[PDB]
4 protein chains.
Amino acid sequence: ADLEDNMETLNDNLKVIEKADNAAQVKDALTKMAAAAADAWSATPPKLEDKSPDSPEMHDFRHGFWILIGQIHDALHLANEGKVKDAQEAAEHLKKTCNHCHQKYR
Amino acid sequence: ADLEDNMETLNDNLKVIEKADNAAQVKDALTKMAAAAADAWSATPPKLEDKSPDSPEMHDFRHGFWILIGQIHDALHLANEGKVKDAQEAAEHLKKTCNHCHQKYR
Amino acid sequence: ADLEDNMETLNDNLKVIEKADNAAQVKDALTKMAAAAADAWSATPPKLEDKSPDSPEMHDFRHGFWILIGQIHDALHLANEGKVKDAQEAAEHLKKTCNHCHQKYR
Amino acid sequence: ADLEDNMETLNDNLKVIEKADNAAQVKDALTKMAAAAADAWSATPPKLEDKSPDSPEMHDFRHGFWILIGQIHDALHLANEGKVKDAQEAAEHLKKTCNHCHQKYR
Ligand code: HEC
Ligand code: HEC
Ligand code: HEC
Ligand code: HEC
Ligand SMILES: [Cl-]
Ligand SMILES: [Cl-]
Ligand SMILES: [Cl-]
Ligand SMILES: [Cl-]
Ligand SMILES: [Cl-]
Ligand SMILES: [Cl-]
Ligand SMILES: [Cl-]
Ligand SMILES: [Cl-]
Ligand SMILES: [Zn+2]
Ligand SMILES: [Zn+2]
Ligand SMILES: [Zn+2]
Ligand SMILES: [Zn+2]
Ligand SMILES: [Zn+2]
Ligand SMILES: [Zn+2]
Ligand SMILES: [Zn+2]
Ligand SMILES: [Zn+2]
Ligand SMILES: [Zn+2]
Ligand SMILES: [Zn+2]
Ligand SMILES: [Zn+2]
Ligand SMILES: [Zn+2]
Ligand SMILES: [Zn+2]
Ligand SMILES: [Zn+2]
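Residues numbered from 1 in each chain as written, not as in the entry; some residues may be left out. Chains lettered and ligands numbered in written order. Heavy atoms only, no water.

Going by the header, the method for this PDB entry is X-ray crystallography, and the resolution given is 2.3500 Å.

This is the structure in structure tokens:
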């Protein structure tokens, strides 16, 4: 998928996790979010099309996806230990990473 | 130090980071925060004085400090990389971790 | 790219890191490794072609790539910090992750 | 405890984890190792007594304890998801961090 399809995957599943009921629903949305972050890691955002692929802005862009993957990694370990409430609550951590990247690059 | 003392070190140095005007003030405040979080790791908070050292509650409490130490680790790399504004902005990430432990265990 | 291609990118760039003589060769090889690990994240390896996408086996396989991405993240911060020899030495950490996945899933 | 008492705690429990049988035995040794790493984070090793507390050697010293705490964090999530074999095997990851610090500072 392109970067916008990955953003739509992240937006949708972040909501499937706010409104979540059962466990394998939080587990499955975090898995789809991790797939979308990893897939998006290599993309160039439109605001940076004109920049060197190894410009400080593209280095910082890719770093935001490392932070988000690190957060989905911990939340999925919480969800897989039966701590499903604490995994939902990890949403508030994620949104903050969503907003930091959007502030500079969307 | 006791948990109350470590928290005041966290609170003070987080204020230093938000208001800092040079790179050395941010690095130094991040190192002091890491020392306080590491020291707090061993503490039993008041609401859990009755629970055992290896209870689920005390397991989950200590996990909160690993998250915080993880964030300070990343912010200090940003700071030692020249990316000092980005290190300052990691303060917004830390507060979420501060609030989350407070909501559950304070 | 396919899993075989991503592995050859991992193998080649790991060799570049061990034999590199300037900072730019280490950074560039670490970024290429991160791109290949992120791309490999989606793959199904041969020994697990019969297992489902959300099987325990495929969960554990993907976890191996999070570990590797985590290590490359840390090594690149060491490299962008001036600590280039320490970034080169992180290669010894990566190989352990390479061997561990190979022992279980290759 | 001082730095040598923490090293003896890490050495002992790393062995309790090679020879481990049950689960709460691997869980309890990883917990004691995490306590010892956090406690040791603030110490000054004898080889660096003569160095600035914020010298590159003391910064790199404390960084080794971040890496080890990060590894114990992941292994304890593996042990707490019933993946007790994969948690034992995390020993090989840890030993490599033991050796890197010892190479420069013990
Ligand atoms: C950078 C490291 C980012 C992170 C982390 C997240 N997003 Fe993002 N997002 C980013 C960019 C550069 C863009 C713009 C892309 C473009 O082609 O214009 C976006 C866009 C979105 C959108 C809008 C999609 C659309 O229909 O145009 C959404 C709804 C969105 N992003 C959601 C989102 C969520 C929920 C995130 C975290 C969970 C998140 N993004 C992280 C860059 C980055
Ligand atoms: C748990 C994992 C915590 C994290 C992370 C942080 N704090 Fe904390 N804090 C915690 C507890 C259990 C308590 C109560 C301790 C007691 O014995 O009374 C506190 C207390 C504080 C306080 C002041 C005391 C109060 O209001 O009762 C402050 C100012 C404070 N904490 C700040 C703080 C900051 C800034 C943090 C992150 C950077 C932070 N805390 C993290 C538990 C935990
Ligand atoms: C799983 C999480 C893996 C990690 C991490 C690494 N590798 Fe890998 N590698 C993996 C599989 C399943 C396979 C077999 C793929 C197939 O379809 O045949 C491989 C294969 C290789 C190969 C060559 C192929 C072979 O011997 O069959 C190489 C050279 C290789 N991998 C190198 C490599 C390196 C250097 C890694 C870390 C830096 C690494 N791999 C990580 C699964 C996984
Ligand atoms: C630095 C970041 C270190 C890490 C990670 C680990 N160790 Fe260590 N260890 C370190 C120092 C500086 C020293 C010397 C301290 C001194 O006062 O001389 C040590 C020492 C040991 C020892 C010897 C203890 C003794 O009786 O003198 C042991 C047995 C030991 N360390 C074990 C150990 C293990 C098992 C580790 C990881 C699991 C480990 N250490 C990590 C510095 C660092
Ligand atoms: Cl990660
Ligand atoms: Cl998980
Ligand atoms: Cl525990
Ligand atoms: Cl750095
Ligand atoms: Cl899964
Ligand atoms: Cl850095
Ligand atoms: Cl950690
Ligand atoms: Cl855990
Ligand atoms: Zn965790
Ligand atoms: Zn898992
Ligand atoms: Zn951020
Ligand atoms: Zn004060
Ligand atoms: Zn980082
Ligand atoms: Zn550093
Ligand atoms: Zn939280
Ligand atoms: Zn090749
Ligand atoms: Zn680091
Ligand atoms: Zn960087
Ligand atoms: Zn491993
Ligand atoms: Zn993990
Ligand atoms: Zn846990
Ligand atoms: Zn190392």
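Participant: Would you take a moment to explain the relation of the copies chain A and chain C for this structure?
Facilitator: Between the two copies of the chain lies a rotation about an axis combined with a shift along it. Each copy of the sequence occupies a distinct position, and chain A is placed on chain C by a rotation of 180° and an axial shift of 0.1 Å, giving an RMSD of 0.4 Å. What the rotation and shift describe, once combined, is the action of a two-fold rotation axis. Nearest to the rotation axis, the C-alpha of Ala38 of chain A is located 2.4 Å from it, this being the minimum over chain A. Take the interface residues of chain A: 100% of them recur as interface residues in chain C, which is what a same-surface contact looks like. (Least-squares fit on C-alpha atoms. Contact = heavy atoms within 4.5 Å.)

Participant: Looking at this model, I keep getting lost on the coordination of the iron atom of ligand 1. Mind explaining?
Facilitator: In a perfect tetrahedron of four donors around a metal, the angles come out at 109.5 degrees. In a perfect octahedron of six, they are 90 or 180 degrees. Residues and elements named next belong to chain A. Within the protein, the atoms that donate to the iron atom of ligand 1 are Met7 (SD) and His102 (NE2), at distances of 1.9 to 2.3 Å. Given 6 donor atoms and angles of 85 to 178° at the metal, the environment of the iron atom of ligand 1 is assigned as octahedral. With a gap of 95 residues between them, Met7 in helix α1 (residues 3-18) and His102 in helix α4 (residues 84-105) connect regions that are remote in the sequence. (Donors = N, O, S within 2.8 Å, 3.2 Å for Na, K, Ca; no water. Tetrahedral: all angles 85-135°; square planar, octahedral: opposite > 155°, others 65-115°. Helix = DSSP H or I, 4+ residues; strand = E, 2+ residues; numbered from the N terminus.)

Participant: What's the story with empty space enclosed by the protein in this structure? I'm lost.
Facilitator: It is the rolling of a water-molecule-sized probe over the atoms that shows where space remains empty. Inspection of the entire model under this criterion finds 3 cavities of 30 Å³ or more. There is about 90 Å³ of room inside the largest cavity. Lining the largest cavity are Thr31, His73, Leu76, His77 and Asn80 of chain A, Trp41, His59, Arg62, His63 and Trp66 of chain C together with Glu81 of chain D. Partitioned by chemical class, the residues of the lining of the largest cavity number 3 nonpolar, 6 polar and 2 charged. (1 Å grid on protein atoms, 1.4 Å probe; cavity = no way out; pocket = protein on both sides within 12 Å on 5 of 7 lines; lining within 4 Å. Points joined across faces, edges and corners; volume = space filled by probe spheres on them. Nonpolar A, V, L, I, M, F, W, Y, C, P; charged D, E, K, R; others polar.)

Participant: What am I meant to see in the interface of chain A and chain C here?
Facilitator: Reports of interface size often rely on the accessible area that becomes lost once the parts have come together. In this assembly, 18 residues from chain A lie in contact with 18 residues from chain C. Buried area between chain A and chain C, both sides added, is near 1500 Å², and the carbon and sulfur share of it is 76%. A per-residue breakdown of the area chain A buries against chain C is headed by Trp41, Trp66 and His73 of chain A, which together make up 38% of the total. Remark: the boundary between chain A and chain C carries 0 salt bridges. Our enumeration of links across chain A and chain C arrives at 4 residue pairs in polar contact. Listing elements by their share of the side of chain A that touches chain C, those giving two or more residues are α2 (24-40) and α3 (56-79) of chain A. Ranked by residues supplied to the side of chain A that touches chain C, first place goes to α3 of chain A with 10 residues. Within the side of chain A that touches chain C, the residues separate by chemical class into 9 nonpolar, 6 polar and 3 charged. (Buried area = accessible area lost by both parts, 1.4 Å probe. Salt bridge = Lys/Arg side-chain N within 4 Å of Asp/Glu carboxyl O. Polar contact = N/O pair within 3.5 Å; in protein donor to acceptor, adjacent residues only side chain to side chain.)

Participant: What am I meant to see in the coordination of the zinc ion (ligand 23) here?
Facilitator: Summarising the metal site, the zinc ion (ligand 23) is bound by the protein donors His100 of chain C (ND1) and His93 of chain D (NE2), whose distances to it range over 2.4 Å. With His100 of chain C in helix α4 (residues 84-105) and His93 of chain D in helix α4 (residues 84-105), this pair bridges two chains. The same class applies to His100 of chain C as to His93 of chain D, namely buried. (Buried < 20%, exposed > 50% of the residue type's maximum accessible area, 1.4 Å probe, protein only.)

Participant: Help me understand the interface of chain B and chain A in this model?
Facilitator: Of the residues lining the interface, 18 residues belong to chain B; the matching set on chain A comes to 18 residues. Counting the surface lost from both chain B and chain A, the interface buries some 1400 Å², and carbon and sulfur atoms represent 41% of this. Among the residues of chain B in contact with chain A, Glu89, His93 and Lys96 of chain B are the three that bury the most area, contributing 34% of the side total. Our count for the contact surface shared by chain B and chain A stands at 4 salt bridges.

Participant: It is not clear to me how the packing of helix α3 (residues 56-80) of chain B against helix α4 (residues 84-105) of chain B should be interpreted in this structure. Could you clarify?
Facilitator: Between two packed helices, both the angle of their axes relative to each other and the distance between the axes serve to describe the pair. Residue and element names in this part refer to chain B. Viewed as axis vectors pointing N to C, α3 and α4 meet at an angle of 175°, and their least axial separation amounts to 8 Å. The pairing of α3 with α4 is recorded here as roughly antiparallel in orientation. Across the interface between the two elements, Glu57, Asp60, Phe61, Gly64, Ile67, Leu68, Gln71, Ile72, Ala75, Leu78 and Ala79 of α3 pack against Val84, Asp86, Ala87, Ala90, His93, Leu94, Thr97, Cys101, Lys104 and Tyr105 of α4. Split by residue class, the contact of α3 with α4 holds 13 nonpolar, 4 polar and 4 charged. (Axes fitted to C-alpha atoms, helices over the stretch in contact; angles between N-to-C directions. Parallel < 35°, antiparallel > 145°, perpendicular 65-115°, else oblique.)

Participant: Can you help me understand the packing of aromatic side chains in this one?
Facilitator: The way to describe two aromatic rings as a pair is by their centre distance and the angle between their planes. Counting across every chain of the model gives 12 aromatic pairs over all chains. Geometrically, the ring pair formed by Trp41 of chain A and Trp66 of chain A is tilted, given 6.1 Å between the ring centres and 35° between the ring planes. Placement of the pair is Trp41 of chain A in the loop between α2 and α3 and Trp66 of chain A in helix α3, with a sequence separation of 25 residues. Its relative accessible area of 5% is what places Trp41 of chain A among the buried residues. Taken together, a centroid distance of 5.2 Å and an interplanar angle of 90° make the contact between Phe61 of chain D and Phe65 of chain D edge-to-face. In this pair, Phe61 of chain D and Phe65 of chain D both sit in helix α3 (residues 56-79), 4 residues apart, roughly one turn of the helix. The same class applies to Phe61 of chain D and to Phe65 of chain D, which are both buried. Here the aromatic cluster, defined as three or more aromatic residues joined through ring pairs, consists of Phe61, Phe65 and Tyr105 of chain A. Lying across the ring of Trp41 of chain D, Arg62 of chain D places its NZ or CZ 5.8 Å from the centre. (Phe/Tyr/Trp six-rings, centres within 6.5 Å; stacked < 30°, edge-to-face > 60°. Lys NZ or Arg CZ within 6 Å of the ring centre and 35° of its normal.)

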